[PDB]
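> Input: one structure, supplied below.
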Amino acid sequence: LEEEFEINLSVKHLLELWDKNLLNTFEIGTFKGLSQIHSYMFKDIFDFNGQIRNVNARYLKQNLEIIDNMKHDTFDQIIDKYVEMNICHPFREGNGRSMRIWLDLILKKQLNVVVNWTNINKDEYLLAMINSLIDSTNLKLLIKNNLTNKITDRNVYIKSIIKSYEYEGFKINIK
Amino acid sequence: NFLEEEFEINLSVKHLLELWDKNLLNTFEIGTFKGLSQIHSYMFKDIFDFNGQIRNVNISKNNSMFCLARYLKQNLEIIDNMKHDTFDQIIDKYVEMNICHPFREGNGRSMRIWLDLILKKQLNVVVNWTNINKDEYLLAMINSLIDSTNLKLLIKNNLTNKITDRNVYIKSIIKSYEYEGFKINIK
Amino acid sequence: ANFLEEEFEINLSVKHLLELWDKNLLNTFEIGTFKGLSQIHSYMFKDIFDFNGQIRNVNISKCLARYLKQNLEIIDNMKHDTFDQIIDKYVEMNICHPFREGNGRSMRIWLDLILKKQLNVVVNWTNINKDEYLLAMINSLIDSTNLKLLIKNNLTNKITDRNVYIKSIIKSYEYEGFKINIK
Amino acid sequence: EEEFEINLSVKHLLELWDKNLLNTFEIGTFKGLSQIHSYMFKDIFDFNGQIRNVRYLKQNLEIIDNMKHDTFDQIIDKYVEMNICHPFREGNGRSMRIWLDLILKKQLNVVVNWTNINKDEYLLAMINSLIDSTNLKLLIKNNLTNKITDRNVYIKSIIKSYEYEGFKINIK
């Protein structure tokens with residue numbers, strides 16, 4: 001009955017990332033990139049932390065190399081990389097969490113902005129993300145509108161942990 | 001509460017788009033009910049677990065006292081054994097296979113992709129589904145139980161030789177769901 | 001006996017709505033009241049159903065016991081000045097469901113008319129693809145935020161352009177799942 | 001326990017092309033159609049040429065007669081709007097399709113080849129007509145014939161015309 005620990009923990013792990021200044025370390029827009037965020041984030045919560053799942057499996061490797069080579073220079077390219085990376089869903093558990101950080105990290109490099117997830121309504125996102133298998137448009141507009149250049153605002157970052165955590169379940173308060 | 005899993009619909013569409021992208025429908029058996037299975041398989045991957053499976057083949061294993069579970073195997077032996085070289089022959093195959101209803105769900109959405117793959121091999125054309133308004137086709141299909149002429153005639157007038165245009169394939173999928181009464185739109 | 005050709009009913013009711021526009025009638029209906037919603041439902045399912053304008057359980061007359069006319073006045077007694085009061089009304093009129101069929105194809109016209117004489121706007125539904133609207137409304141019966149936040153962002157002031165009204169009709173049917181053709 | 005009455009009306013029609021009386025009726029007006037219904041259901045219905053009582057329709061009939069009928073589009077758009085008005089009770093617009101093969105014959109040197117126009121296709125275009133005439137336009141268009149004086153054309157436009165409204169007769 002320690003699911004709330006595991007949540008407070010990963011959230012801790014995610015702050016250490018901001019504070020010790022470690023998240024500018026991470027490889028931008030690779031799988032090796034997401035791998036390291038997932039690794040640290042879940043260090044003390046999953047034995048499979050950072051490791052590609054096995055069970056429903058060998059052509060998964062295959063997809064990631066394909067994605068790895070997708071250019072990520074314009075915005076349209078980056079969200080194209082997000083969509084396909086999220087479509088691949090290469091971890092046993094909590095992919096979408098590691099991938100919204102992974103995303104913020106790419107944009108922050110390439111267009112000097114992050115995603116102000118606290119404007120991005122939970123329902124509208126979930127929805128535009130399902131349309132994203134077919135049609136990644138709805139998601140493009142939604143994220144473009146809610147960019148901010150405040151790429152160094154530990155607040156935006158705190159509040160972004162919260163809406164990211166809210167989309168995948170989990171409530172928690174900042175502290 | 002009421003959570004709509006539009007996911008299931010949207011997912012099946014990406015399974016269909018996958019087939020095209022990973023040159024996979026070009027590797028499926030033509031006009032045979034294995035070929036239609038291999039489509040309706042990949043297409044409902046995680047969604048249902050009667051993928052390629054015929055109605056009443058899992059309930060013939062333990063509970064097999066389905067004295068007539070072989071009626072369906074019987075009529076697919078037939079439809080497989082129909083020819084599929086001429087346009088006549090293929091729209092007759094399509095008509096029977098859609099009268100058979102081998103799958104539980106995948107009701108004919110499979111059938112249309114399976115058809116376009118026949119015309120695409122045999123006649124080097126696909127249907128240009130887009131100018132086939134829902135009103136027309138649905139009717140074509142009801143007359144088609146009795147007389148396949150109205151269907152044959154609608155599909156005659158709306159062919160295209162754009163058998164490799166990935167957008168034609170996509171305009172197909174949009175139209176295909178439109179007929180089965182789902183919106184969806186693709187990039 | 002396949003009368004897919006009683007798609008005639010779907011089509012007739014659409015060109016019923018079209019006669020509301022091209023006989024300047026829809027201006028003429030009571031706004032923001034169940035009599036207003038009744039005149040729309042009444043006119044537009046004219047030839048089709050005969051339970052047209054009539055509340056469910058109003059024809060049975062001769063016993064029952066209960067009546068939803070109670071919630072109906074309650075709803076008619078709501079304000080509709082501000083956007084947040086209108087949507088508020090709209091949500092609650094659709095949770096009634098006075099009619100048997102005609103659901104809120106009627107309601108999505110009775111609404112466009114409320115925004116049109118209160119805030120001089122209509123919904124540009126063309127930019128509200130189905131997924132959102134249905135989700136917005138399913139939320140509405142506990143929290144109406146999604147639907148306000150949704151319709152606020154899809155208002156036009158093009159409140160007299162014919163085609164706009166036509167594109168209203170097309171998406172409104174599309175939401176119920178009828179597709180139909182344009183002009 | 002009915003029948004026969006179709007025979008009698010097809011008789012008024014053979015006569016109406018033989019006694020040369022089609023070319024003498026008003027074109028593109030109610031009065032015109034009213035004189036085609038009247039001749040057609042004369043020894044049958046008591047209301048042949050007569051507007052239905054089961055009001056604002058006397059108005060709607062002007063606004064149809066008001067619409068021009070010069071170009072192809074204007075002829076159909078009148079034909080749809082007229083048919084939508086369904087002026088007579090029974091009799092409907094079997095005469096309307098005649099009344100239409102006048103308005104084309106006169107204005108654009110053509111009539112409709114209704115044999116090429118399968119029943120389903122037609123009925124479907126005509127339902128959707130009262131929203132989107134489009135289908136009816138590109139349907140009537142690709143089945144126009146310039147043989148306006150042919151009798152076999154006309155004979156076939158009264159075979160195919162009855163079939164549509166359901167009544168199947170061959171006679172000679």
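Every chain in the structure tokens has a letter given in the order shown (A, B, ...), and although residue numbers restart at 1 in each chain, ligands are simply numbered from 1 in the order shown.
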Taking 4 positions as the minimum chain separation for residues in the same chain, which residues sit within 12 Å of residue 49 in chain C when counting only C-alpha atoms? Answer as a ChimeraX atom specification.
/C:9-10,12-13,41-45,53-54,99-102
> Just N, CA, C and O atoms for this one: save the residues we selected as a short mmCIF file (atom, residue, chain, number, x, y, z; two decimals), in the first residue's frame.

data_model
loop_
_atom_site.label_atom_id
_atom_site.label_comp_id
_atom_site.auth_asym_id
_atom_site.auth_seq_id
_atom_site.Cartn_x
_atom_site.Cartn_y
_atom_site.Cartn_z
N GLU C 9 -36.85 10.98 -44.47
CA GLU C 9 -37.17 11.66 -43.17
C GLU C 9 -35.99 12.55 -42.76
O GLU C 9 -36.20 13.78 -42.63
N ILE C 10 -34.79 11.99 -42.68
CA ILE C 10 -33.58 12.79 -42.34
C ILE C 10 -33.51 13.99 -43.27
O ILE C 10 -33.37 15.12 -42.77
N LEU C 12 -35.85 15.42 -45.30
CA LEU C 12 -37.00 16.35 -45.24
C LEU C 12 -36.79 17.30 -44.07
O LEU C 12 -36.96 18.51 -44.27
N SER C 13 -36.40 16.77 -42.91
CA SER C 13 -36.32 17.63 -41.70
C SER C 13 -35.24 18.71 -41.89
O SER C 13 -35.44 19.84 -41.40
N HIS C 41 -38.64 22.32 -32.89
CA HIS C 41 -38.88 20.85 -32.92
C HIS C 41 -40.16 20.54 -33.68
O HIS C 41 -40.15 19.66 -34.54
N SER C 42 -41.23 21.25 -33.32
CA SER C 42 -42.56 21.21 -33.98
C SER C 42 -42.42 21.35 -35.50
O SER C 42 -42.86 20.44 -36.24
N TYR C 43 -41.79 22.42 -35.97
CA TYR C 43 -41.79 22.79 -37.40
C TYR C 43 -40.92 21.77 -38.14
O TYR C 43 -41.20 21.43 -39.29
N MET C 44 -39.86 21.28 -37.50
CA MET C 44 -38.74 20.68 -38.25
C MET C 44 -38.94 19.17 -38.38
O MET C 44 -38.43 18.59 -39.34
N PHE C 45 -39.64 18.57 -37.42
CA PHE C 45 -40.15 17.18 -37.51
C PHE C 45 -41.64 17.24 -37.89
O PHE C 45 -42.39 16.33 -37.54
N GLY C 53 -43.45 19.15 -31.17
CA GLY C 53 -43.75 20.22 -30.21
C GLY C 53 -44.25 19.69 -28.87
O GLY C 53 -44.04 20.39 -27.86
N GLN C 54 -44.86 18.49 -28.85
CA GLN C 54 -45.56 17.90 -27.67
C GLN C 54 -44.52 17.24 -26.74
O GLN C 54 -43.62 16.53 -27.24
N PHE C 99 -38.36 16.11 -25.46
CA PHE C 99 -38.87 15.42 -26.67
C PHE C 99 -38.43 13.97 -26.63
O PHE C 99 -37.54 13.66 -25.83
N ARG C 100 -39.05 13.13 -27.47
CA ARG C 100 -38.78 11.67 -27.53
C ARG C 100 -37.63 11.42 -28.51
O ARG C 100 -36.62 10.82 -28.11
N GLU C 101 -37.82 11.84 -29.76
CA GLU C 101 -36.74 12.02 -30.76
C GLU C 101 -36.76 13.50 -31.13
O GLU C 101 -37.77 14.17 -30.78
N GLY C 102 -35.71 13.99 -31.78
CA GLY C 102 -35.45 15.43 -31.98
C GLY C 102 -34.55 15.95 -30.89
O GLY C 102 -34.14 17.12 -30.98
#
> How close does chain A get to chain B? List, as CSV, each residue of chain A within 8 Å, its nearest atom pair and the distance in Å to one decimal, counting only C-alpha atoms.

residue,atom,partner,partner_atom,distance
A:130,CA,B:7,CA,5.8
A:131,CA,B:10,CA,6.6
A:133,CA,B:14,CA,6.0
A:134,CA,B:186,CA,5.1
A:135,CA,B:186,CA,4.7
A:136,CA,B:187,CA,7.0
A:137,CA,B:187,CA,7.2
> Calculate how many Å separate CA of residue 54 in chain D from CA of residue 26 in chain C, rounding to one decimal.
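According to the coordinates, CA of residue 54 in chain D and CA of residue 26 in chain C are separated by 24.5 Å.
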> Can you tell me, as a VMD selection string, which residues in chain A count as helix (DSSP H, G or I) by DSSP?
chain A and resid 3 to 19 22 to 24 31 to 41 60 to 69 75 to 88 95 to 110 122 to 134 137 to 145 154 to 167
> Restricting the calculation to only C-alpha atoms, which member of B:55, B:112, B:61, B:101 is positioned closest to residue 179 in chain B?
B:112
> Pick from C:59, C:2, C:14, C:114: nearest to chain D, with only C-alpha atoms counted?
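Using only C-alpha atoms, the shortest distance to chain D belongs to C:14.
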> Please list as an MDAnalysis selection string every residue within 12 Å of residue 27 in chain A, counting only C-alpha atoms and excluding residues in the same chain fewer than 4 positions away.
chainID A and resid 22:23 31:37 68 102:103 105:106 109
> For the residues selected in the previous step, produce a file with N, CA, C and O atoms as a tab-separated table (two decimals), in the first residue's frame.

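Output saved as again-v2.tsv:
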chain	number	residue	atom	x	y	z
A	22	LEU	N	20.70	18.62	-13.83
A	22	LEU	CA	21.04	17.38	-14.58
A	22	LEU	C	20.25	17.25	-15.89
A	22	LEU	O	20.74	16.50	-16.73
A	23	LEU	N	19.09	17.92	-16.07
A	23	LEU	CA	18.20	17.66	-17.25
A	23	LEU	C	18.72	18.35	-18.52
A	23	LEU	O	18.27	17.96	-19.62
A	31	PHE	N	16.01	8.01	-28.53
A	31	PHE	CA	15.46	7.08	-27.52
A	31	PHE	C	16.41	7.06	-26.32
A	31	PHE	O	15.94	7.19	-25.18
A	32	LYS	N	17.71	6.89	-26.58
A	32	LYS	CA	18.77	6.94	-25.54
A	32	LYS	C	18.40	8.09	-24.61
A	32	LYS	O	18.50	7.91	-23.40
A	33	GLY	N	17.93	9.20	-25.20
A	33	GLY	CA	17.40	10.39	-24.49
A	33	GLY	C	16.28	10.12	-23.50
A	33	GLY	O	16.46	10.44	-22.31
A	34	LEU	N	15.17	9.55	-23.98
A	34	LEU	CA	13.96	9.20	-23.18
A	34	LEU	C	14.39	8.15	-22.14
A	34	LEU	O	14.01	8.28	-20.94
A	35	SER	N	15.20	7.19	-22.57
A	35	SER	CA	15.74	6.07	-21.76
A	35	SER	C	16.30	6.59	-20.44
A	35	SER	O	16.02	5.99	-19.38
A	36	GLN	N	17.05	7.68	-20.50
A	36	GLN	CA	17.79	8.24	-19.36
A	36	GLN	C	16.81	8.97	-18.43
A	36	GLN	O	16.98	8.85	-17.20
A	37	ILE	N	15.82	9.68	-18.98
A	37	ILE	CA	14.77	10.39	-18.19
A	37	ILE	C	13.93	9.36	-17.43
A	37	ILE	O	13.72	9.53	-16.21
A	68	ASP	N	14.57	7.71	-33.95
A	68	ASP	CA	15.88	8.33	-33.63
A	68	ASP	C	16.34	9.19	-34.82
A	68	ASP	O	16.92	10.28	-34.58
A	102	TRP	N	10.70	14.70	-21.93
A	102	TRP	CA	11.48	14.44	-23.16
A	102	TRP	C	11.14	15.50	-24.20
A	102	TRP	O	12.05	15.93	-24.91
A	103	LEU	N	9.85	15.85	-24.29
A	103	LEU	CA	9.31	16.79	-25.29
A	103	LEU	C	9.77	18.18	-24.90
A	103	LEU	O	10.34	18.88	-25.75
A	105	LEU	N	12.14	19.10	-23.18
A	105	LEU	CA	13.62	19.16	-23.34
A	105	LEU	C	14.02	19.43	-24.79
A	105	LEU	O	15.00	20.19	-24.99
A	106	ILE	N	13.32	18.85	-25.76
A	106	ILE	CA	13.64	19.02	-27.21
A	106	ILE	C	13.31	20.46	-27.58
A	106	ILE	O	14.21	21.17	-28.05
A	109	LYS	N	15.55	23.19	-26.36
A	109	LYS	CA	16.80	23.28	-27.17
A	109	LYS	C	16.49	24.01	-28.47
A	109	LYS	O	17.13	25.03	-28.72
> For residue 106 in chain D, find every residue with an atom within 10 Å (counting only C-alpha atoms), except residues of its own chain fewer than 3 positions away, and show them as a PyMOL selection string.
chain D and resi 23+27-28+70+100-103+109-111+148
> Those residues with N, CA and C atoms, as a CSV table (one decimal), in the first residue's frame please?

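Listed below is the output, again_4.csv:
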chain,number,residue,atom,x,y,z
D,23,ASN,N,-47.0,20.8,-77.8
D,23,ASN,CA,-46.3,21.9,-78.3
D,23,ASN,C,-47.1,23.2,-78.1
D,27,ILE,N,-45.2,26.8,-71.3
D,27,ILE,CA,-43.9,26.3,-70.9
D,27,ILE,C,-43.4,27.1,-69.6
D,28,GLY,N,-42.8,26.4,-68.6
D,28,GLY,CA,-42.2,27.0,-67.5
D,28,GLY,C,-43.1,27.6,-66.5
D,70,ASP,N,-33.9,29.7,-68.5
D,70,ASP,CA,-33.1,30.1,-69.7
D,70,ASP,C,-32.0,29.0,-69.9
D,100,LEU,N,-41.2,18.8,-67.9
D,100,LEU,CA,-39.7,19.0,-67.9
D,100,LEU,C,-39.2,18.8,-69.3
D,101,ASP,N,-39.6,17.7,-70.0
D,101,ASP,CA,-39.2,17.3,-71.4
D,101,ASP,C,-39.7,18.3,-72.4
D,102,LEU,N,-40.7,19.2,-72.0
D,102,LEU,CA,-41.1,20.4,-72.8
D,102,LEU,C,-40.1,21.5,-72.6
D,103,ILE,N,-39.8,21.9,-71.3
D,103,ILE,CA,-39.0,23.1,-70.9
D,103,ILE,C,-37.5,22.9,-71.4
D,109,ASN,N,-33.0,22.4,-76.9
D,109,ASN,CA,-33.1,21.5,-78.1
D,109,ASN,C,-32.8,20.0,-77.7
D,110,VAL,N,-33.4,19.6,-76.6
D,110,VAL,CA,-33.2,18.3,-76.0
D,110,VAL,C,-34.4,17.8,-75.2
D,111,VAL,N,-34.4,16.5,-74.8
D,111,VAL,CA,-35.3,15.8,-73.8
D,111,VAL,C,-34.5,14.8,-73.0
D,148,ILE,N,-35.9,15.3,-80.1
D,148,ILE,CA,-37.1,15.9,-79.4
D,148,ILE,C,-38.3,15.6,-80.2
> Kindly assemble as a Markdown table a list of the chain D residues that lie within 10 Å of chain B, each paired with its nearest atom pair and their distance in Å to one decimal, using only C-alpha atoms, sorted first by chain and then by ascending residue number.

| residue | atom | partner | partner_atom | distance |
| --- | --- | --- | --- | --- |
| D:118 | CA | B:150 | CA | 8.8 |
| D:120 | CA | B:139 | CA | 8.3 |
| D:121 | CA | B:136 | CA | 7.7 |
| D:124 | CA | B:136 | CA | 7.4 |
| D:125 | CA | B:136 | CA | 9.3 |
| D:128 | CA | B:135 | CA | 9.0 |
> Keeping only C-alpha atoms, write the selected residues as an mmCIF file, in the first residue's frame.

data_model
loop_
_atom_site.group_PDB
_atom_site.id
_atom_site.type_symbol
_atom_site.label_atom_id
_atom_site.label_comp_id
_atom_site.auth_asym_id
_atom_site.auth_seq_id
_atom_site.Cartn_x
_atom_site.Cartn_y
_atom_site.Cartn_z
ATOM 1 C CA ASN D 118 -32.163 3.419 -63.428
ATOM 2 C CA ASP D 120 -32.787 3.671 -57.571
ATOM 3 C CA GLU D 121 -30.216 6.222 -58.941
ATOM 4 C CA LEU D 124 -31.842 8.795 -54.595
ATOM 5 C CA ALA D 125 -30.985 11.993 -56.578
ATOM 6 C CA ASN D 128 -31.215 14.445 -51.884
#
> For a quick test of understanding: name the residues of chain C lying within 12 Å of chain A when counting only C-alpha atoms, and present them as number ranges by chain.
C: 127-136, 138-139, 145-147, 149-150
> For chain B against chain C, which residues fall within 9 Å using only C-alpha atoms, given as a PyMOL selection string?
chain B and resi 2-4+6+133-135+138-139+142-143+178+181-183
> Could you make a table, as a Markdown table, of the residues of chain C that have an atom within 7 Å of an atom of chain D, each with its nearest atom pair and distance in Å to one decimal, counting only C-alpha atoms, in chain and number order?

| residue | atom | partner | partner_atom | distance |
| --- | --- | --- | --- | --- |
| C:8 | CA | D:127 | CA | 5.8 |
| C:11 | CA | D:128 | CA | 6.7 |
| C:15 | CA | D:131 | CA | 6.1 |
| C:181 | CA | D:132 | CA | 6.4 |
| C:182 | CA | D:132 | CA | 6.2 |
| C:183 | CA | D:132 | CA | 4.7 |
> Going by DSSP on the backbone, which bits of range 34-170 of chain D are strand (DSSP E or B)? Write them as an NGL selection string, please.
:D and (111-112 or 144-145)
> Counting only C-alpha atoms, which of B:169, B:33, B:50, B:137 gets nearest to residue 18 in chain B?
B:169
> Find the distance between CA of residue 1 in chain D and CA of residue 90 in chain D and write it in Å to one decimal.
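CA of residue 90 in chain D lies at a distance of 18.5 Å from CA of residue 1 in chain D.
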> Residue 54 in chain B: which residues within 8 Å, counting only C-alpha atoms, same-chain residues fewer than 3 positions away excluded, as number ranges by chain?
B: 50, 57, 72, 102-104
